[PDB]
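Chains G and F, in that order, give the protein sequences.
All residue numbers for the first sequence refer to the deposited numbering, where the first residue is 1 and numbers rise by one.
All residue numbers for the second sequence refer to the deposited numbering, where the first residue is 1795 and numbers rise by one.
Every residue gets a Cβ at the ideal spot worked out from N, C-alpha and C, and that includes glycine.
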Amino acid sequence: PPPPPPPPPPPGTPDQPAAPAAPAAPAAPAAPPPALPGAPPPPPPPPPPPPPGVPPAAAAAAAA
Amino acid sequence: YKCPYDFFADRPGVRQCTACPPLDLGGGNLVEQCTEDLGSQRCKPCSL
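Following this line, the structure appears as structure tokens:
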């Protein structure tokens, strides 16, 4: 008699592991900048003026 | 008057705009800061 035949091949190996996704895109959003602090006080007012002088008591006599 | 292009002012009643200061992002690195619009109160790094 003749000899028997070869075997069939095996299949085709396994695909490699699907990759994970990407980042969650961006941390926290815009952080509010520092404050524009400070607003000074107003200078005090000026002083007042003085009163006027007193008159001259113009009277001596009639001398008769 | 509006502050000039590279100058800024924050306090309301002020007598002179102050030039934008170079932002320091670490040790010994100074990036020039320049405002975008004419009358402005904040300085951006003027490379971006």
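When rounded, the separation of the alpha-carbon atoms in G/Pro-7 and G/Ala-19 is 36 Å.
Here F/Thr-1812 is bridged, per DSSP, to F/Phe-1802. Within the same chain, Cβ atoms closer than 8 Å to the Cβ of F/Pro-1815 are found at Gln-1827 and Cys-1837, the five residues on either side in sequence being excluded.
Residue contact with chain G for F/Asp-1804: present (Cβ-Cβ distance below 8 Å to some residue of chain G). Residues of chain F with a Cβ closer than 9 Å to the Cβ of G/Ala-39 are, in chain order, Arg-1805, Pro-1806 and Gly-1807.
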